[PDB]
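*Asks:* Input file: start_22.cif. Contents: mmCIF, C-alpha atoms and all ligand atoms.
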data_target
loop_
_atom_site.label_atom_id
_atom_site.label_comp_id
_atom_site.auth_asym_id
_atom_site.auth_seq_id
_atom_site.Cartn_x
_atom_site.Cartn_y
_atom_site.Cartn_z
CA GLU M 4 20.15 -19.05 13.73
CA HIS M 5 17.22 -17.61 15.68
CA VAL M 6 14.91 -14.64 15.72
CA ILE M 7 14.45 -12.52 18.85
CA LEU M 8 10.92 -12.35 20.23
CA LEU M 9 9.74 -8.95 21.36
CA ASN M 10 7.00 -7.89 23.80
CA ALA M 11 4.74 -4.88 23.17
CA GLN M 12 7.60 -2.49 23.84
CA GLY M 13 10.49 -3.79 21.76
CA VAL M 14 11.87 -5.73 24.74
CA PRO M 15 13.52 -9.09 23.93
CA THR M 16 11.80 -11.93 25.78
CA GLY M 17 13.30 -15.02 24.17
CA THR M 18 14.15 -16.64 20.85
CA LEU M 19 12.83 -19.03 18.19
CA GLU M 20 14.79 -21.08 15.64
CA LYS M 21 14.67 -19.00 12.46
CA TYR M 22 13.22 -21.78 10.28
CA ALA M 23 10.40 -22.40 12.72
CA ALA M 24 9.70 -18.71 13.42
CA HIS M 25 7.92 -17.78 10.22
CA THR M 26 4.45 -19.25 9.92
CA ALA M 27 0.88 -18.21 9.17
CA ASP M 28 0.91 -16.97 12.78
CA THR M 29 4.33 -15.27 13.01
CA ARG M 30 5.04 -13.71 16.38
CA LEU M 31 6.55 -10.24 16.72
CA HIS M 32 10.34 -10.34 16.51
CA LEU M 33 13.42 -8.25 15.71
CA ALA M 34 14.60 -7.67 12.14
CA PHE M 35 16.47 -5.20 9.97
CA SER M 36 16.14 -4.03 6.39
CA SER M 37 19.00 -2.46 4.44
CA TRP M 38 19.35 -0.57 1.16
CA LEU M 39 22.76 -0.88 -0.53
CA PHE M 40 24.21 1.59 -3.01
CA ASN M 41 27.41 1.22 -4.99
CA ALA M 42 30.07 3.94 -5.23
CA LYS M 43 28.27 5.13 -8.35
CA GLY M 44 25.08 5.75 -6.41
CA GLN M 45 23.10 2.89 -7.92
CA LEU M 46 20.70 0.99 -5.69
CA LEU M 47 20.92 -2.80 -5.50
CA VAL M 48 17.48 -4.39 -5.72
CA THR M 49 17.42 -8.15 -5.14
CA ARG M 50 14.95 -10.92 -5.91
CA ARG M 51 14.47 -13.38 -3.11
CA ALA M 52 15.34 -16.99 -3.96
CA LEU M 53 12.48 -19.40 -4.59
CA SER M 54 13.49 -21.29 -1.45
CA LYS M 55 13.01 -18.43 1.02
CA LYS M 56 10.20 -19.26 3.39
CA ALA M 57 8.70 -15.78 3.22
CA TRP M 58 8.06 -13.89 -0.01
CA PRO M 59 10.05 -16.21 -2.27
CA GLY M 60 10.68 -14.90 -5.77
CA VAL M 61 9.77 -11.34 -4.69
CA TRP M 62 11.72 -8.23 -5.66
CA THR M 63 12.87 -6.30 -2.62
CA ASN M 64 15.46 -3.94 -1.24
CA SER M 65 19.06 -5.11 -0.92
CA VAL M 66 19.35 -7.21 2.25
CA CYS M 67 17.03 -7.98 5.14
CA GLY M 68 17.61 -10.28 8.06
CA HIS M 69 17.35 -10.96 11.76
CA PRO M 70 19.85 -9.77 14.39
CA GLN M 71 20.92 -12.50 16.83
CA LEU M 72 21.01 -12.15 20.64
CA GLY M 73 23.45 -9.45 21.67
CA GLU M 74 24.26 -8.56 18.08
CA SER M 75 24.09 -4.92 17.00
CA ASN M 76 21.71 -4.01 14.17
CA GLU M 77 24.71 -2.82 12.18
CA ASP M 78 26.69 -6.03 12.70
CA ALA M 79 23.59 -7.95 11.65
CA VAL M 80 23.42 -5.95 8.41
CA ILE M 81 27.16 -6.44 7.79
CA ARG M 82 26.83 -10.17 8.44
CA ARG M 83 23.92 -10.71 6.05
CA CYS M 84 25.57 -8.62 3.34
CA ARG M 85 28.51 -11.00 3.54
CA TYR M 86 26.29 -14.06 3.74
CA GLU M 87 23.68 -13.29 1.06
CA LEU M 88 25.72 -11.18 -1.35
CA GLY M 89 29.38 -11.79 -0.33
CA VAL M 90 29.83 -8.04 -0.16
CA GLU M 91 31.72 -5.69 2.13
CA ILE M 92 30.01 -2.44 3.09
CA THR M 93 30.50 0.94 4.76
CA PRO M 94 29.10 1.26 8.31
CA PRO M 95 25.30 1.08 8.09
CA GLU M 96 23.42 4.36 8.60
CA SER M 97 19.91 4.65 10.01
CA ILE M 98 17.18 5.65 7.59
CA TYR M 99 13.95 4.46 9.28
CA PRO M 100 14.61 3.51 12.92
CA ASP M 101 11.06 2.96 14.19
CA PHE M 102 9.77 0.94 11.21
CA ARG M 103 7.41 -1.82 12.26
CA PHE M 104 5.10 -4.00 10.20
CA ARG M 105 3.02 -7.10 9.82
CA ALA M 106 2.14 -8.61 6.42
CA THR M 107 1.11 -11.92 4.83
CA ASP M 108 2.72 -13.35 1.68
CA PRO M 109 0.79 -15.16 -1.09
CA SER M 110 1.09 -18.55 0.58
CA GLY M 111 0.02 -17.24 3.97
CA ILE M 112 3.46 -16.90 5.58
CA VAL M 113 3.56 -13.89 7.89
CA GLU M 114 6.36 -11.48 8.74
CA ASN M 115 5.71 -9.61 11.98
CA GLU M 116 8.61 -7.38 12.78
CA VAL M 117 10.19 -4.48 14.51
CA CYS M 118 12.47 -3.66 11.62
CA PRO M 119 14.83 -0.70 11.72
CA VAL M 120 15.98 0.25 8.24
CA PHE M 121 19.58 1.04 7.27
CA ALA M 122 21.52 2.21 4.23
CA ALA M 123 25.15 1.62 3.28
CA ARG M 124 27.59 1.60 0.38
CA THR M 125 29.21 -1.52 -1.02
CA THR M 126 33.03 -1.57 -1.01
CA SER M 127 33.61 -4.82 -2.91
CA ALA M 128 32.02 -6.70 -5.82
CA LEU M 129 29.04 -8.98 -5.22
CA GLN M 130 29.50 -12.74 -4.81
CA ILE M 131 25.92 -14.02 -4.91
CA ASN M 132 24.56 -16.72 -2.64
CA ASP M 133 21.92 -18.34 -4.84
CA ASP M 134 20.26 -19.94 -1.79
CA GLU M 135 19.34 -16.42 -0.74
CA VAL M 136 19.23 -14.42 -3.96
CA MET M 137 17.91 -15.59 -7.36
CA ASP M 138 18.36 -12.34 -9.33
CA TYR M 139 19.36 -8.73 -8.76
CA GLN M 140 19.44 -5.40 -10.53
CA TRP M 141 21.64 -2.34 -10.11
CA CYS M 142 19.37 0.61 -10.90
CA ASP M 143 18.75 4.29 -10.36
CA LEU M 144 16.90 4.97 -7.11
CA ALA M 145 14.50 7.29 -8.94
CA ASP M 146 13.34 4.54 -11.27
CA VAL M 147 12.86 2.16 -8.35
CA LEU M 148 10.75 4.72 -6.51
CA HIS M 149 8.68 5.30 -9.66
CA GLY M 150 8.16 1.58 -9.86
CA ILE M 151 7.12 1.34 -6.22
CA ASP M 152 4.83 4.32 -6.64
CA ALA M 153 3.21 3.00 -9.81
CA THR M 154 2.95 -0.74 -9.08
CA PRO M 155 3.69 -1.35 -5.42
CA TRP M 156 2.40 -4.90 -5.73
CA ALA M 157 5.44 -5.87 -7.80
CA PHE M 158 7.66 -5.34 -4.75
CA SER M 159 7.76 -6.63 -1.20
CA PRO M 160 5.22 -4.87 1.01
CA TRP M 161 7.91 -3.69 3.45
CA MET M 162 10.12 -2.29 0.67
CA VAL M 163 7.02 -0.33 -0.33
CA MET M 164 6.14 0.96 3.12
CA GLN M 165 9.76 1.90 3.66
CA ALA M 166 10.17 3.71 0.35
CA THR M 167 6.97 5.62 0.93
CA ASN M 168 7.85 6.94 4.40
CA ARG M 169 8.57 10.66 3.96
CA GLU M 170 11.78 10.71 6.02
CA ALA M 171 13.11 7.40 4.80
CA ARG M 172 12.64 8.20 1.14
CA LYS M 173 14.32 11.52 1.82
CA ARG M 174 17.29 9.87 3.52
CA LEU M 175 17.59 7.18 0.82
CA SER M 176 17.62 9.90 -1.83
CA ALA M 177 21.06 11.05 -0.54
CA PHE M 178 23.13 7.89 -1.24
CA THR M 179 22.80 8.55 -4.97
CA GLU F 4 -1.34 -31.58 -23.04
CA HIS F 5 1.02 -30.52 -25.80
CA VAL F 6 2.45 -27.69 -27.88
CA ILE F 7 2.17 -27.34 -31.64
CA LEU F 8 5.63 -27.18 -33.19
CA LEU F 9 6.32 -24.67 -35.94
CA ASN F 10 9.17 -24.75 -38.42
CA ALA F 11 11.52 -21.93 -39.46
CA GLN F 12 8.58 -20.41 -41.34
CA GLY F 13 5.68 -20.48 -38.86
CA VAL F 14 3.84 -23.54 -40.17
CA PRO F 15 2.81 -26.45 -37.94
CA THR F 16 4.85 -29.64 -38.25
CA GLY F 17 3.49 -31.70 -35.36
CA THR F 18 3.09 -31.71 -31.57
CA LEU F 19 5.15 -32.28 -28.40
CA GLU F 20 4.06 -32.95 -24.77
CA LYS F 21 4.11 -29.64 -22.94
CA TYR F 22 6.54 -30.25 -20.07
CA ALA F 23 9.10 -31.96 -22.24
CA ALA F 24 8.55 -29.14 -24.79
CA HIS F 25 10.02 -26.48 -22.49
CA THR F 26 13.70 -27.02 -21.61
CA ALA F 27 17.09 -25.44 -22.23
CA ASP F 28 16.46 -26.22 -25.92
CA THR F 29 12.78 -25.30 -26.55
CA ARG F 30 11.71 -25.63 -30.20
CA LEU F 31 9.50 -23.03 -31.89
CA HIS F 32 5.81 -23.56 -31.08
CA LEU F 33 2.44 -21.85 -30.89
CA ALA F 34 1.34 -19.81 -27.88
CA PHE F 35 -1.00 -16.99 -26.99
CA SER F 36 -0.98 -14.16 -24.50
CA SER F 37 -4.06 -12.23 -23.32
CA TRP F 38 -4.81 -9.00 -21.45
CA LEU F 39 -8.06 -8.99 -19.48
CA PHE F 40 -10.01 -5.95 -18.26
CA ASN F 41 -13.00 -5.79 -15.93
CA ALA F 42 -16.18 -3.76 -16.63
CA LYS F 43 -14.50 -0.88 -14.86
CA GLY F 44 -11.65 -0.89 -17.35
CA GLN F 45 -9.06 -2.11 -14.88
CA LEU F 46 -6.34 -4.48 -16.06
CA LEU F 47 -5.90 -7.85 -14.42
CA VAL F 48 -2.23 -8.47 -13.62
CA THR F 49 -1.23 -11.89 -12.31
CA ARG F 50 1.77 -13.49 -10.56
CA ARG F 51 2.82 -16.89 -11.97
CA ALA F 52 2.77 -19.61 -9.33
CA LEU F 53 6.07 -20.79 -7.92
CA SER F 54 5.53 -24.19 -9.50
CA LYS F 55 5.36 -22.92 -13.06
CA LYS F 56 8.33 -24.46 -14.91
CA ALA F 57 9.12 -21.17 -16.63
CA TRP F 58 9.23 -17.79 -14.90
CA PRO F 59 7.74 -19.01 -11.65
CA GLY F 60 6.79 -16.28 -9.19
CA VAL F 61 6.91 -13.55 -11.81
CA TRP F 62 4.44 -10.73 -12.37
CA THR F 63 2.92 -10.64 -15.82
CA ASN F 64 -0.16 -9.95 -17.92
CA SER F 65 -3.44 -11.76 -17.38
CA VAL F 66 -3.06 -15.12 -19.07
CA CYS F 67 -0.69 -16.95 -21.39
CA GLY F 68 -1.03 -20.41 -22.87
CA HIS F 69 -0.58 -22.98 -25.60
CA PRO F 70 -3.34 -23.80 -28.07
CA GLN F 71 -3.89 -27.49 -28.66
CA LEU F 72 -4.61 -29.47 -31.80
CA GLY F 73 -7.89 -28.49 -33.43
CA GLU F 74 -8.25 -25.48 -31.15
CA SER F 75 -8.48 -21.92 -32.43
CA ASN F 76 -6.24 -19.42 -30.62
CA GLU F 77 -9.36 -17.67 -29.38
CA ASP F 78 -10.78 -20.87 -27.90
CA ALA F 79 -7.38 -21.41 -26.27
CA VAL F 80 -7.70 -17.95 -24.72
CA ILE F 81 -11.22 -18.77 -23.48
CA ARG F 82 -10.08 -22.11 -22.12
CA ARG F 83 -7.03 -20.86 -20.20
CA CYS F 84 -8.98 -17.93 -18.80
CA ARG F 85 -11.34 -20.48 -17.37
CA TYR F 86 -8.57 -22.78 -16.18
CA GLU F 87 -6.23 -20.26 -14.62
CA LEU F 88 -8.66 -17.52 -13.52
CA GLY F 89 -12.10 -19.12 -13.52
CA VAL F 90 -13.30 -16.21 -15.58
CA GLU F 91 -15.68 -15.80 -18.49
CA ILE F 92 -14.70 -13.26 -21.15
CA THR F 93 -15.98 -11.32 -24.14
CA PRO F 94 -14.75 -12.39 -27.62
CA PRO F 95 -10.99 -11.88 -27.55
CA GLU F 96 -9.71 -9.15 -29.84
CA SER F 97 -6.47 -9.60 -31.77
CA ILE F 98 -4.16 -6.81 -30.65
CA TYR F 99 -0.71 -8.07 -31.76
CA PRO F 100 -0.95 -11.06 -34.08
CA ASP F 101 2.68 -11.20 -35.23
CA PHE F 102 4.24 -11.27 -31.79
CA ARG F 103 7.02 -13.82 -31.50
CA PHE F 104 9.25 -14.35 -28.42
CA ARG F 105 12.38 -16.30 -27.54
CA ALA F 106 13.87 -15.94 -24.09
CA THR F 107 15.72 -17.71 -21.30
CA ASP F 108 14.15 -17.68 -17.83
CA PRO F 109 16.05 -17.29 -14.50
CA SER F 110 16.86 -21.01 -14.22
CA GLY F 111 17.68 -21.56 -17.90
CA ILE F 112 14.31 -22.72 -19.24
CA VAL F 113 13.57 -21.38 -22.66
CA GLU F 114 10.37 -20.17 -24.26
CA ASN F 115 10.43 -20.06 -28.07
CA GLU F 116 7.08 -19.03 -29.42
CA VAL F 117 4.82 -17.58 -31.99
CA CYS F 118 2.53 -15.75 -29.56
CA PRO F 119 -0.49 -13.83 -30.93
CA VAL F 120 -1.68 -11.32 -28.32
CA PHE F 121 -5.30 -10.75 -27.32
CA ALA F 122 -7.50 -8.50 -25.23
CA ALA F 123 -10.92 -9.14 -23.70
CA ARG F 124 -13.33 -8.12 -20.97
CA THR F 125 -14.18 -10.37 -18.05
CA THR F 126 -17.88 -11.07 -17.62
CA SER F 127 -17.72 -13.09 -14.43
CA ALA F 128 -16.05 -12.96 -11.00
CA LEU F 129 -12.65 -14.59 -10.65
CA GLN F 130 -12.00 -18.05 -9.29
CA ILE F 131 -8.22 -18.00 -9.18
CA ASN F 132 -6.43 -21.31 -9.74
CA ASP F 133 -3.64 -21.53 -7.16
CA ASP F 134 -1.83 -24.19 -9.21
CA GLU F 135 -1.24 -21.51 -11.85
CA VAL F 136 -1.55 -18.10 -10.26
CA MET F 137 -0.21 -17.15 -6.83
CA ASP F 138 -1.35 -13.53 -6.64
CA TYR F 139 -3.14 -10.91 -8.72
CA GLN F 140 -4.24 -7.32 -8.81
CA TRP F 141 -6.75 -5.14 -10.58
CA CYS F 142 -4.88 -2.03 -11.67
CA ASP F 143 -5.26 1.03 -13.82
CA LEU F 144 -3.42 0.30 -17.08
CA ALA F 145 -1.67 3.66 -16.78
CA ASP F 146 -0.14 2.66 -13.48
CA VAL F 147 0.94 -0.69 -14.93
CA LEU F 148 2.49 0.97 -17.95
CA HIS F 149 4.44 3.36 -15.70
CA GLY F 150 5.83 0.46 -13.66
CA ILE F 151 6.89 -1.42 -16.76
CA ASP F 152 8.67 1.76 -17.89
CA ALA F 153 10.38 2.38 -14.56
CA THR F 154 11.36 -1.15 -13.55
CA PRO F 155 10.83 -3.52 -16.51
CA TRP F 156 12.96 -6.26 -14.87
CA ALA F 157 10.23 -6.69 -12.24
CA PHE F 158 7.89 -8.18 -14.85
CA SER F 159 7.91 -11.01 -17.36
CA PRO F 160 9.85 -9.92 -20.42
CA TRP F 161 6.96 -10.83 -22.72
CA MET F 162 4.60 -8.60 -20.77
CA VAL F 163 7.01 -5.73 -21.29
CA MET F 164 7.54 -6.43 -24.98
CA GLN F 165 3.82 -6.59 -25.64
CA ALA F 166 3.05 -3.46 -23.63
CA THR F 167 5.74 -1.54 -25.43
CA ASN F 168 4.47 -2.31 -28.95
CA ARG F 169 2.68 0.83 -30.14
CA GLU F 170 -0.31 -0.79 -31.77
CA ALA F 171 -0.85 -3.28 -28.98
CA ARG F 172 -0.74 -0.53 -26.38
CA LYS F 173 -3.39 1.56 -28.17
CA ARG F 174 -5.65 -1.45 -28.00
CA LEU F 175 -5.03 -2.03 -24.32
CA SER F 176 -5.89 1.59 -23.78
CA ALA F 177 -9.17 1.13 -25.57
CA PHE F 178 -10.20 -1.53 -23.03
CA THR F 179 -9.85 0.89 -20.08
CA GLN F 180 -13.12 2.56 -20.93
CA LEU F 181 -15.85 1.96 -18.37
CA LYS F 182 -18.49 -0.29 -19.97
CA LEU F 183 -21.66 -1.59 -18.28
MG MG I 201 17.74 -11.92 4.15
MG MG I 202 -0.57 -19.92 -18.54
MN MN I 203 11.23 -12.47 10.32
MN MN I 204 5.68 -22.51 -24.61
#
What's the structure tokens form of this structure?
*Replies:*
Amino acid sequence: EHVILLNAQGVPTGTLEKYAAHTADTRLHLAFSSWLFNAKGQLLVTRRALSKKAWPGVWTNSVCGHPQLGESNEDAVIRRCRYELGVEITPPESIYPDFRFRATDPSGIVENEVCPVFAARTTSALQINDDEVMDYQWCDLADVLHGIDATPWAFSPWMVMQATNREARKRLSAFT
Amino acid sequence: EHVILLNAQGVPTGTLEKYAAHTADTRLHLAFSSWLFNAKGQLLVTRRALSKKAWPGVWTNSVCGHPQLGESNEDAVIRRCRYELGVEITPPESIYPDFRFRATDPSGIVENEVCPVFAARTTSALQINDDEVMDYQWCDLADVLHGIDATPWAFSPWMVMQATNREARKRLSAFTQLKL
């Protein structure tokens, strides 16, 4: 696997091996973030495994990852849902298409990403990949937003920025 | 470094080295938990380091620990505050002396404790110990309490159980007053 390096505009200019891409000096690259809801409307929140290079052991939205060269955002989402959670989903919908961020985790690892955000519904049970996910919770979106609003620091910084964007929180609030 | 083992009652019967004390089969032993507030009345919340054997990487209250032989619980509080946070405190107040906790962590490690709960003010700057604490925040207690209410799974279960005890919470609230 690789990440896709992006110039100032989001134009692909090359790739980096995924392991080697995330450092204290992470270069801008392409990502996605996705929020998954079951048929009942509950939101899946996941806790990143202790072996993830960036934000290990951090509670976050459902599935995030890195599209490969020539791969659609939506296929990337569908792929990582299968890989991390062993779950089938409905076609991903856009909730925050121009999301972009740069942050630093507690050990100094940086994420630096153009990261369009998607939502989708699960259509099968979860089969957890414990190399990716160490814990998860099915919850009510409203409680998760209250959590993010009251103690944002208990969640990943991108989950927080995403949940607090006017339009994105509005669009997320429909899948319930 | 050890833990003081307690029998069915709550009376000391001996000691056990700390690491080997906490496993899938942890015996009952003495612990403490403390909630620290700055002059401003903000609450110090901390994130356990990823190398902690139990609940690594988890957000929790200020400091927890294990008193040693011949140590009072209060001196244990003072000592771990220094060790984990580098911080001096005011005399710790007993806010929940009968708290006891048994729980299994995400990888199967068990805590099984008699855990009197304290509160104090910090009287020095922090010098965080990265071997113990990987992140922290100064927060308004109110905010903290709302997060624990909304998403309690995002926090250590003992932090939630202590914050939801009525008497303990009244005490925490008392420490939010601004005091020069
Ligand atoms: Mg991922
Ligand atoms: Mg401790
Ligand atoms: Mn990345
Ligand atoms: Mn213990």
*Asks:* Sorted by chain and rising residue number, list the residues of chain M at most 7 Å from chain F (counting only C-alpha atoms), each with its closest atom pair and distance in Å to one decimal, as CSV.
*Replies:*
residue,atom,partner,partner_atom,distance
M:60,CA,F:60,CA,5.4
M:62,CA,F:157,CA,6.9
M:109,CA,F:137,CA,6.2
M:146,CA,F:153,CA,4.9
M:147,CA,F:154,CA,6.3
M:149,CA,F:153,CA,6.0
M:150,CA,F:150,CA,4.6
M:153,CA,F:146,CA,5.0
M:154,CA,F:150,CA,5.5
M:157,CA,F:157,CA,6.6
*Asks:* At a cut-off of 12 Å around the point (-24.6, -2.0, -15.1) (file coordinates), what residues fall inside when counting all atoms listed in the file? I'd like the answer as a PyMOL selection string.
*Replies:* chain F and resi 42-43+126+181-183
*Asks:* What's around residue 176 (chain F) at 12 Å? Count only C-alpha atoms, leave out sequence neighbours fewer than 5 positions away in its own chain, and write the answer as an mmCIF file with C-alpha atoms, keeping the file's coordinate frame.
*Replies:*
data_model
loop_
_atom_site.group_PDB
_atom_site.id
_atom_site.type_symbol
_atom_site.label_atom_id
_atom_site.label_comp_id
_atom_site.auth_asym_id
_atom_site.auth_seq_id
_atom_site.Cartn_x
_atom_site.Cartn_y
_atom_site.Cartn_z
ATOM 1 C CA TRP F 38 -4.810 -9.000 -21.450
ATOM 2 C CA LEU F 39 -8.060 -8.990 -19.480
ATOM 3 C CA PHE F 40 -10.010 -5.950 -18.260
ATOM 4 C CA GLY F 44 -11.650 -0.890 -17.350
ATOM 5 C CA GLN F 45 -9.060 -2.110 -14.880
ATOM 6 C CA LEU F 46 -6.340 -4.480 -16.060
ATOM 7 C CA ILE F 98 -4.160 -6.810 -30.650
ATOM 8 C CA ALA F 122 -7.500 -8.500 -25.230
ATOM 9 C CA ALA F 123 -10.920 -9.140 -23.700
ATOM 10 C CA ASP F 143 -5.260 1.030 -13.820
ATOM 11 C CA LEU F 144 -3.420 0.300 -17.080
ATOM 12 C CA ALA F 145 -1.670 3.660 -16.780
ATOM 13 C CA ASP F 146 -0.140 2.660 -13.480
ATOM 14 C CA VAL F 147 0.940 -0.690 -14.930
ATOM 15 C CA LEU F 148 2.490 0.970 -17.950
ATOM 16 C CA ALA F 166 3.050 -3.460 -23.630
ATOM 17 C CA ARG F 169 2.680 0.830 -30.140
ATOM 18 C CA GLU F 170 -0.310 -0.790 -31.770
ATOM 19 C CA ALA F 171 -0.850 -3.280 -28.980
ATOM 20 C CA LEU F 181 -15.850 1.960 -18.370
#
*Asks:* In Å, with one decimal, what is the gap from CA of residue 107 (chain F) to CA of residue 63 (chain M)?
*Replies:*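 One can read the CA of residue 107 (chain F) to CA of residue 63 (chain M) distance as 22.1 Å.
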*Asks:* Between F:25, F:116, F:73, F:168, which residue has the minimum interatomic distance to residue 55 (chain F), considering all atoms listed in the file?
*Replies:* F:25
*Asks:* Would you mind listing what lies within 12 Å of residue 13 (chain M) as a list in words, with all atoms listed in the file counted and same-chain residues fewer than 5 positions away left out?
*Replies:*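 Here the qualifying residues turn out to be residues 7, 8, 31, 32, 33, 34, 101, 102, 103, 116, 117, 118 and 119 of chain M.
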*Asks:* Show me, as a Markdown table, the residues of chain F having an atom within 7 Å of ligand MN 204 (chain I), each with the closest atom pair and its distance in Å, using only C-alpha atoms and all ligand atoms.
*Replies:*
| residue | atom | partner | partner_atom | distance |
| --- | --- | --- | --- | --- |
| F:6 | CA | I:MN204 | MN | 6.9 |
| F:25 | CA | I:MN204 | MN | 6.3 |
| F:32 | CA | I:MN204 | MN | 6.6 |
| F:34 | CA | I:MN204 | MN | 6.1 |
| F:69 | CA | I:MN204 | MN | 6.4 |
| F:114 | CA | I:MN204 | MN | 5.3 |
| F:115 | CA | I:MN204 | MN | 6.4 |
| F:116 | CA | I:MN204 | MN | 6.1 |
*Asks:* Which residues form the shell of 6 Å around ligand MG 202 (chain I) when you count all atoms listed in the file, given as a list in words?
*Replies:*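 Result of the 6 Å neighbour search around ligand MG 202 (chain I): residues 66, 67 and 68 of chain F.
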*Asks:* Restricted to C-alpha atoms, what would the selected residues look like written as a CSV table (one decimal), in the coordinates of the input?
*Replies:*
chain,number,residue,atom,x,y,z
F,66,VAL,CA,-3.1,-15.1,-19.1
F,67,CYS,CA,-0.7,-17.0,-21.4
F,68,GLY,CA,-1.0,-20.4,-22.9
*Asks:* Write out as a Markdown table the residues of chain M that have any atom within 7 Å of an atom of ligand MG 201 (chain I), one row each with the nearest atom pair and its distance in Å to one decimal, counting only C-alpha atoms and all ligand atoms, sorted by chain and then rising number.
*Replies:*
| residue | atom | partner | partner_atom | distance |
| --- | --- | --- | --- | --- |
| M:66 | CA | I:MG201 | MG | 5.3 |
| M:67 | CA | I:MG201 | MG | 4.1 |
| M:68 | CA | I:MG201 | MG | 4.2 |
| M:83 | CA | I:MG201 | MG | 6.6 |
| M:87 | CA | I:MG201 | MG | 6.8 |
| M:135 | CA | I:MG201 | MG | 6.8 |
*Asks:* Which neighbours of residue 35 (chain M) fall inside 12 Å, counting all atoms listed in the file, when residues of the same chain fewer than 6 positions from it are skipped, and could you give them as a ChimeraX atom specification?
*Replies:* /M:6-7,64-71,74-84,95-104,114-122,161-162,165
*Asks:* Hey, what's within 6 Å of residue 45 (chain M) if we count all atoms listed in the file and toss same-chain stuff fewer than 4 positions away? As a PyMOL selection string, please?
*Replies:* chain M and resi 40-41+141-143
